[PDB]
Asker: 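Before anything else, here's the structure in question.
Throughout, a chain's letter reflects where its sequence line sits, starting with A, and its residues are numbered from 1.
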Amino acid sequence: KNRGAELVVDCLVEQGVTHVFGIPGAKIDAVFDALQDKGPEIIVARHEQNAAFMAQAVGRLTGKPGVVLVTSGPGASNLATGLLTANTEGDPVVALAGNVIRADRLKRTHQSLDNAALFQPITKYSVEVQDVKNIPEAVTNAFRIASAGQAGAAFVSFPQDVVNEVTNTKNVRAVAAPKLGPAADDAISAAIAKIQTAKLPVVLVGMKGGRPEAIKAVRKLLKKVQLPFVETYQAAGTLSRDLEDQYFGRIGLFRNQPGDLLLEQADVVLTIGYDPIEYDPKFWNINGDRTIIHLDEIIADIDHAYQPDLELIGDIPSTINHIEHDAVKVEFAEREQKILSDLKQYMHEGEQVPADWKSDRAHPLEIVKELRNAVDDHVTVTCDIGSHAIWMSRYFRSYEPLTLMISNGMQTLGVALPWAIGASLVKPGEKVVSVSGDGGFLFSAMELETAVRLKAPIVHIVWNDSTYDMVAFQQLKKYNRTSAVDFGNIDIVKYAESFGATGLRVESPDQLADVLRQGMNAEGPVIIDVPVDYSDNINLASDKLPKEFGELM
Amino acid sequence: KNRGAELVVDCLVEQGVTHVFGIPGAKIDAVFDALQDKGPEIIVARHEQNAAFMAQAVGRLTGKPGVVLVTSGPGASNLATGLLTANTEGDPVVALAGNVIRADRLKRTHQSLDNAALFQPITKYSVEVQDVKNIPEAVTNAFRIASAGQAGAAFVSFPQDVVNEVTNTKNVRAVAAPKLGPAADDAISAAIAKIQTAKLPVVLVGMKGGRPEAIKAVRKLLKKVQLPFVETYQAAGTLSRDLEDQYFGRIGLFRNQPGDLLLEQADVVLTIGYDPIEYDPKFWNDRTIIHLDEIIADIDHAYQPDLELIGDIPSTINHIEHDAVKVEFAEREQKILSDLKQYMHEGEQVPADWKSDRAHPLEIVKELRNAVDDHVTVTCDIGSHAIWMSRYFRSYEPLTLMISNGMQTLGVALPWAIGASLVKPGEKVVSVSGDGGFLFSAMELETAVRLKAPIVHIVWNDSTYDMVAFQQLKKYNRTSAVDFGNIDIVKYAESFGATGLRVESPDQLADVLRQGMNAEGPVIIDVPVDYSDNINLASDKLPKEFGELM
Amino acid sequence: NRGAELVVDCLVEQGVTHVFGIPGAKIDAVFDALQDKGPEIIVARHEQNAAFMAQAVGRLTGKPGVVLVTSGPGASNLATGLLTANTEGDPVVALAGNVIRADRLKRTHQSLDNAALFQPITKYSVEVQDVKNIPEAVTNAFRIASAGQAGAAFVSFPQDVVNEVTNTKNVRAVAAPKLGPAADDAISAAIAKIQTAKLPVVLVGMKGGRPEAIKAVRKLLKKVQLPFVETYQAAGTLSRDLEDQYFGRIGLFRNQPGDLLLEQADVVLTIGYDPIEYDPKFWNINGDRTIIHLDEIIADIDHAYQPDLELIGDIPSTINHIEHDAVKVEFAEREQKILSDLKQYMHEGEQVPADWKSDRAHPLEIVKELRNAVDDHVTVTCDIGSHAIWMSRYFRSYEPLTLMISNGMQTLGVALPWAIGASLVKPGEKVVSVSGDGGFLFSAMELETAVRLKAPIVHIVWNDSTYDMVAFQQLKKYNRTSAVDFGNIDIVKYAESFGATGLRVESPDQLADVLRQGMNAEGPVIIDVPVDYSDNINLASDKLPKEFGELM
Ligand SMILES: Cc1ncc(C[n+]2csc(CCOP(=O)(O)OP(=O)(O)O)c2C)c(N)n1
Ligand SMILES: Cc1ncc(C[n+]2csc(CCOP(=O)(O)OP(=O)(O)O)c2C)c(N)n1
Ligand SMILES: Cc1ncc(C[n+]2csc(CCOP(=O)(O)OP(=O)(O)O)c2C)c(N)n1
Ligand SMILES: [Mg+2]
Ligand SMILES: [Mg+2]
Ligand SMILES: [Mg+2]
């Protein structure tokens, strides 16, 4: 027909977009109509929030922006949290929304608002197209800006008459966002010289160290040079089994981990793709001066606790390849060897169920271990936010890039199950596991109809506690009392069944391994009800370990 | 304790707030801690979206700002649509949110976000407090601005260190937002002269005509002067059983209603609390226009008032009422009223050729109306079911039919009914949605079960996003992205510990509804509906027919 | 019959007689269309001064001043102007070009997000994106600019929108409506609270200074015989008749007779008071008093401003309903002495010091000689600086809108362009403008406009060669000054280089003569007046409050 609506779909075609997540409405209608003619499969969502969470997951797993498409008013405003989360967690997303006609743009009329103004503080790019000719230009720049370091959200709004208008405007080439070269050579030399002269150099692998390419390079570096290392939560998957000896776990949330003590003992820290939002430098870069080398695709944020002595800004993996090429293996003096050894066995003992533990419910560590034993390396595991997620983020081993997905920017409740859906659409054929608590679960459980309608092979684990617990034990450590943390329990099994899904329940902690295998062998979506004992949770924020190791030294 | 958090709680005590809807988090948890000592009852929500909707319900039904309280980051950003909805539909709401400590406000850090900039476009008032001393001032101005005509949403954000900081700061008095006087008296006189000299003077009651005091005033005006009148959807309940004779239905959505032809035939139109968002003037609007409202009018190609009576709406109405006298109509205009009233009765009727194993929409509306007492509040969601409710479900009390008619936001029905039941203890509350919108906020059924709220939720079961579908069929002759698969509604209800009912055949409709009305605790009722008559809601038939009788 | 014509037609419907502007490419179609029909175009030398002029028209006529500019630097130069009007109750409408809609998101000459820039400093900031919407968007801009509280409205036109040919019809210029008075029972309440006061006082503020409000205020002050004070923008509330009940203009520093009056008051009635002129935390202090807020909009709650009664509605109507039903207050003995003492403190504070000697005029001598040289009805515009403090406290005004002060943003350089605006509003009358030397250069360029118009402006420069108001605050805080010194210029030959008339006061004794000589001159005249500023630190001095505190 050649409306503005067709120009939009043509862009999606040039961009190689396989799927569009959305919900139709009167203002964005022409575009949905034009998608009937061609373009990517439409995945109808049961909420624009979840549509955004789905696009985000696609962006994180593929490196090309996930696409979400919604109508005016509440269609658009329901995107806010989603885009915010994508934009602060390094995920390429492009959002396309409708608005009222240009003539009525300033009026009190149904579903009218300044779309671009709302999304301005929460995206890299937020625009509204006021001329049909401009559509291919605006859309193409949004894809590029979404993809360019640091990846985030782009939002593009269309008045209704703009996408309905007939025009002879030509499309433009989907010129892909270009790669940077590696960092300046002189900076790379300096960086190598500082690692070679260190008594205890260590690698801090961050958000953008967690991309597949970045991880491949990071592993060659760690293997050649033999550096100890830690991961941020979104760097999970850096580990391989033959790096386990050099691995000191995941830093974050509370300063009481072996990784923290290691970074403390370090005189040189090399950070890679490090976005401080995952764990503020004021928690780890303390207690003594210490050289900081910042390896990233964008310049560093200066902070009282973060003043890099060296910045290597360029393409992350290739910059790493250049350091790797000219570094050599680091020898550790006796003192540092013993520090490393001691940290390693504090790390080991942390991963164990307390010896005087007895219960009629599973311990969190038992859930974590059993889950890890029932799931092959290649399977993507998505995680929600809560105490369950602390246990997962610290103790759930991951061995491949993009196989453990955590929301460690906004810490947005409800991402797991929708993320699992997006993952299954990117990895057709594979099982996708999603893990949540019972609080965050109802934030997005509605999208179980999408999963069933798609016959997605998703396995969702609900940690059953019956409170907002991560908030509860923090309230106990601050005020020795809780507030607004309690809610009623629902029948998770019958909930799943009412959707046409499958419900299982761990009725005793010894059925855990069995019920898990069963979910994995099931056809279509499964929800698994797991009673958990959270009485150990308060110890997640303990200072015992920093204190013990303190008197060691 | 004299933290900033206590200063906040004290404002809520001073303001007479009985419920705060919320979800706790680290940056805001000091205010939640302070609520353990004194202050209103915390209602824990399963989604900040839904806490916002409930606060909207409280605001619409009491005139006092509803209060929602949330944490930083996604806690705040999840309020967006809620406050947008409230802000455009006339409901006083106060939102309170956390943010990161002042010193880290500029950094990439967990749950950080320029809160105030995000709500700037979608509220009357959006601010972040940067000094603990300023807390009582910023909160007290928020309540005032939320309530002041035209009522809307107010947003206040608090850095973590500001609510945790110990302080000597004094509270301020909750100075009530003041009412205006009536409109200028020479303006009132002018309007009385326009009505008394018109051939067919008519009243259009709008959004802010649906406040209880405005309705009581409007009824006296209608009865005394015997003017015909029409309702926007949010002015539902202006009608009294007494006034059914002068009543010409609800205007909205498509121009093809008896009310539309009436407004067209009128030489004078008195609009009361008319927010054009409910129905753009370019659809119903030569003739004289008298704009009566608590704020000045927006000028539009199709809306240029000859008279503006700006002041307190009920005051101004009374003044007009006091000095106006009965209008009597020439025979020409009586015939017009007779005909329009007749077209109106035909439209309210199930078509003659209708055959179906599912209920017609009108049969749901009729049985619902016949099963619910006039005083029972009925909330409604968004979709094809709501076109039917908005046009054909009669309301006779103020605030007993609640419709989202500024932002048309899916999912408002069930959370509104929860807010409503906390505002009217001892009463049943009815809510109506389609199956699409039901899953937008059905999570909150846990909350209704937790409170043992006497809610009866009716689900119109179709299996599609239909209101989108038949507009699509009319524009392109094909649908797109409107199909989803259905769930077992009864089992969905039972899994939450609520009661689930199902109308298995159209004749069971009366009894099943009755059963729901007498049930204990929350009830969900599955009601299959036949929508194949839905595309005629946008039909041009009636204006074409009436065109040639003239 | 383009979009540009639609814009000119709206200006005609609003009764706009003058448009202050500077042309550019993106907006020039509108400038074209103004050749055919419309209001006179006054070419400015800087978009800042065009904005100031507009503000002046708005303040003086009650209908929006109009300013028209091009895209990019044309529009951005408007920022301080609209901001100042938007915080001082002045209706202004601004019209600006932008790039074509197709190139709106591009890096291209003079492209910027116009609406976003003006959102935080206007009541109303919009961009039209369809030619049809022009009559609507503009009409609402005039009404919103006018609707109380009055201020700045900004409309932006992408270039292709005003050049586009259309058959769109215009829209009626529906006047912004009036409110009625406050509600009866509230009026009753206010009268009752006043009746039972031992010392009720009136505070006249910003919107108490419109002509109709002043007419009603004067009747109320006369009938009930209440003492009153003024905010700076409430100048001209006073009449010669009312000098007896008058306790001066409050503001800037809490050390004036008006402050002490307010402090002793048990009931304060405020009239159209915008706190920006003087924070309530400065006067509403040592003890409690009842506050009655009378205004066209609800009050801002403050730690030091929590009204017991709000009278919201049209200000002159509400004042009238109070005047009609109130009877005279009669002060007891204790309060009469109080009022008497304060009145003498007031009178002593207006006199040049005893041991004053100087080769240059003392400020009060400038204030005095200028007041006596100028008819009551003549409009006097004032700039910002130490000279303005002297003007604002001590220069009497007896007619509405004859003393204009920037008391919201305290914007430098407003005087001279405000006087240009005044003279266009009041043809055939002298207009006097007063500035310091520093603020003079902020807008002195616009003298070319005044000469080009043969405007009868008489501009007085207080010459001391420093940014003094900053400097003495710096000394009272830090015992040292910073960045307050600049060179000076020959004001007389400055004026002459523009084809204007330049006069100089070579000695304080020829002050009356050089002033009278300026009043009789044809065309613009600038006057160089050397001043001695050594007294200036005593403006922020703390003695009067202390001395009176011991007198109690
Ligand atoms: C959208 C949103 N609202 C509020 C919060 C604050 N918050 C963090 S954890 C949490 C509770 C999660 O509870 P649950 O999912 O049951 O996990 P659990 O701690 O019990 O394992 C809340 C409310 C948040 N992170 N996101
Ligand atoms: C939050 C939001 N998303 C999308 C829309 C667009 N929209 C309007 S009606 C509608 C259909 C709702 O369907 P349903 O609840 O099943 O009611 P039905 O039409 O079937 O009666 C949609 C998607 C909207 N109004 N609000
Ligand atoms: C645009 C602007 N810049 C700076 C200031 C701060 N300021 C206030 S008074 C003042 C000094 C003005 O001095 P001048 O005009 O020479 O008059 P004087 O103080 O000498 O009497 C300054 C710089 C201001 N108010 N406005
Ligand atoms: Mg839980
Ligand atoms: Mg449906
Ligand atoms: Mg000076």
Asker: Is the shortest distance from a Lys or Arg side-chain nitrogen in B:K107 or A:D301 to a carboxylate oxygen in the other one below 4.0 Å?
Answerer: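 Salt bridge flag = no for A:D301 with B:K107.
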Asker: Check each atom of A:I23 against the heavy atoms of chain B and say whether the ones under 4.5 Å are side chain, backbone, both or neither.
Answerer: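 The side chain, not the backbone.
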Asker: Shortest non-hydrogen contact from B:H47 to A:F443?
Answerer: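 Between these two residues, the closest heavy atoms are CD2-CD2, 3.6 Å.
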Asker: Is it the backbone or the side chain of A:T482 that comes under 4.5 Å from a heavy atom of chain B, or both, or neither?
Answerer: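 It is the backbone, since no side chain atom gets that close.
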Asker: B:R108 versus A:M207: any side-chain heavy-atom pair under 4.5 Å?
Answerer: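 With C-beta onward as the side chain, the pair stays apart.
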Asker: Measure distances from A:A116 to the heavy atoms of chain B and classify the residue's part below 4.5 Å as side chain, backbone, both or neither.
Answerer: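 Neither the backbone nor the side chain of A:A116 comes within 4.5 Å of chain B.
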Asker: Heavy-atom pairs under 4.5 Å with chain A: which of B:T409, B:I487, B:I277 has the most?
Answerer: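 Of the options given, most contacts go to B:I277.
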Asker: In terms of heavy-atom proximity below 4.5 Å to chain A, should B:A498 be classed as side chain, backbone, both, or neither?
Answerer: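 For B:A498, there is no contact with chain A at all, as no heavy atom is under 4.5 Å.
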Asker: Is the closest side-chain heavy-atom distance between A:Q49 and B:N78 below 4.5 Å?
Answerer: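 They are in side-chain contact.
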Asker: Does any part of the side chain of A:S483, heavy atoms only, come nearer than 4.5 Å to the side chain of B:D33, both counted from C-beta?
Answerer: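 Contact flag for B:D33/A:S483 side chains = no.
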Asker: May I ask you to test the B:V44-A:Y468 pair for a side-chain heavy-atom distance under 4.5 Å?
Answerer: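 Contact flag for B:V44/A:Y468 side chains = yes.
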Asker: Hey, does B:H110 have a side-chain heavy atom less than 4.5 Å from the side chain of A:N408?
Answerer: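 Touching, per the 4.5 Å side-chain cut-off.
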Asker: Could you check which of B:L410, B:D114, B:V482, B:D300 has the highest count of heavy-atom pairs closer than 4.5 Å to chain A?
Answerer: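 Maximum pair count with chain A is reached by B:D300.
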Asker: Who among B:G75, B:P276, B:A442 has the most heavy-atom pairs with chain A under 4.5 Å?
Answerer: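 The answer is B:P276.
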Asker: Do you know which of A:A30, A:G82, A:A26, A:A472 has the most heavy-atom pairs with chain B at a distance under 4.5 angstrom?
Answerer: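 With the most close heavy-atom pairs to chain B, the winner is A:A30.
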Asker: Supply the atom-to-atom distance B:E494 CD to A:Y495 OH, rounded to the nearest 0.5 angstrom.
Answerer: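 One gets 15.0 Å once the value is rounded to the nearest 0.5 Å.
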Asker: Under 4.5 Å from any heavy atom of chain B, what part of A:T85 do you find: side chain, backbone, both or neither?
Answerer: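 A:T85 has no heavy atom closer than 4.5 Å to chain B.
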Asker: Would you sort out whether B:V468 and A:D29 count as a side-chain contact (heavy atoms from CB on, under 4.5 Å), showing the intermediate values?
Answerer: CA-CA 8 Å; B:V468 182; A:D29 251 355; 3.9 Å; yes
Asker: Looking at B:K475, I want to see if its NZ is surrounded by more than 12 non-hydrogen atoms of other residues, nucleotides or ligands under 6.0 Å.
Answerer: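 No, because the 6.0 Å sphere around NZ of B:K475 holds 12 heavy atoms or fewer from other groups.
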Asker: Checking A:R46 against chain B: side chain, backbone, both or neither under 4.5 Å from a heavy atom?
Answerer: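 Contact with chain B is through both the backbone and side chain of A:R46.
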Asker: Is there a side-chain contact between A:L113 and B:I122 in this structure, where contact means two heavy atoms from C-beta onward sitting under 4.5 Å apart?
Answerer: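 When only atoms from C-beta onward are counted, B:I122 and A:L113 do touch, with a gap below 4.5 Å.
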Asker: For the CD1 atom on A:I299, are there more than 12 heavy atoms of other groups (residues, nucleotides or ligands in this structure) within a distance under 6.0 Å?
Answerer: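 At most 12 heavy atoms, drawn from other residues, nucleotides or ligands, come within 6.0 Å of this atom.
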Asker: Quick check on the interface: out of A:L35, A:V493, A:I42, A:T81, who has the most heavy-atom pairs with chain B under 4.5 Å?
Answerer: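 Sorted descending by pairs with chain B, the first entry is A:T81.
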Asker: Looking at B:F32, B:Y476, B:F496, which has the largest count of heavy-atom pairs under 4.5 Å with chain A?
Answerer: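 Result: the option with the highest number of such pairs is B:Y476.
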Asker: Chain A heavy atoms under 4.5 Å from B:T447: which part of the residue, side chain, backbone, both or neither?
Answerer: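 Neither part.
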Asker: What closest approach, in Å, do A:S77 and B:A80 show between heavy atoms, and which atom pair accounts for it?
Answerer: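 Between these two residues, the closest heavy atoms are O-CB, 4.0 Å.
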Asker: Given a strict heavy-atom distance threshold of 4.5 Å, which part of B:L253 is in contact with chain A: side chain, backbone, both, or neither?
Answerer: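 The side chain, not the backbone.
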Asker: Under a 4.5 Å cutoff for heavy-atom pairs, which residue among B:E444, B:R450, B:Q408 has the most contacts with chain A?
Answerer: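 Of the options given, most contacts go to B:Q408.
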Asker: When only pairs under 4.5 Å are counted, which of A:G22, A:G409, A:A76, A:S112 shares the most heavy-atom pairs with chain B?
Answerer: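 Option with the top pair count is A:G409.
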Asker: Looking only at heavy atoms and a cut-off of under 4.5 Å, which of B:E446, B:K491, B:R478 has the most pairs with chain A?
Answerer: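 Highest number of pairs under 4.5 Å: B:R478.
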Asker: Side-chain contact test, heavy atoms from C-beta onward, threshold under 4.5 Å: evaluate it for A:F119 versus B:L118 and give yes or no.
Answerer: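 No - every pair of side-chain heavy atoms lies 4.5 Å or more apart.
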Asker: Pick from A:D275, A:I43, A:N50: which one has the most heavy-atom pairs with chain B under 4.5 Å?
Answerer: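 Most heavy-atom pairs within the cutoff with chain B belong to A:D275.
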Asker: Carefully, step by step, assess A:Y279 and B:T109 under the rule side-chain contact (heavy atoms from CB on, under 4.5 Å).
Answerer: CA-CA 8 Å; A:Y279 192 42; B:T109 192; over 6 Å; no
Asker: Is the closest basic N to carboxylate O distance between B:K282 and A:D104 below 4.0 Å?
Answerer: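 Salt bridge: yes.
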Asker: For residues B:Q472 and A:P24, determine if any side-chain heavy atom of one lies less than 4.5 Å from a side-chain heavy atom of the other.
Answerer: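 B:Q472 reaches A:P24 side chain to side chain.
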Asker: Can you confirm whether more than 12 heavy atoms, excluding those of B:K452, are under 6.0 Å from its NZ atom?
Answerer: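 12 or below, so no.
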Asker: Given a strict heavy-atom distance threshold of 4.5 Å, which part of A:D438 is in contact with chain B: side chain, backbone, both, or neither?
Answerer: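 For A:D438, the backbone is the part near chain B, not the side chain.
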Asker: Chain A heavy atoms under 4.5 Å from B:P121: which part of the residue, side chain, backbone, both or neither?
Answerer: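 For B:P121, side-chain heavy atoms alone lie under 4.5 Å from chain A.
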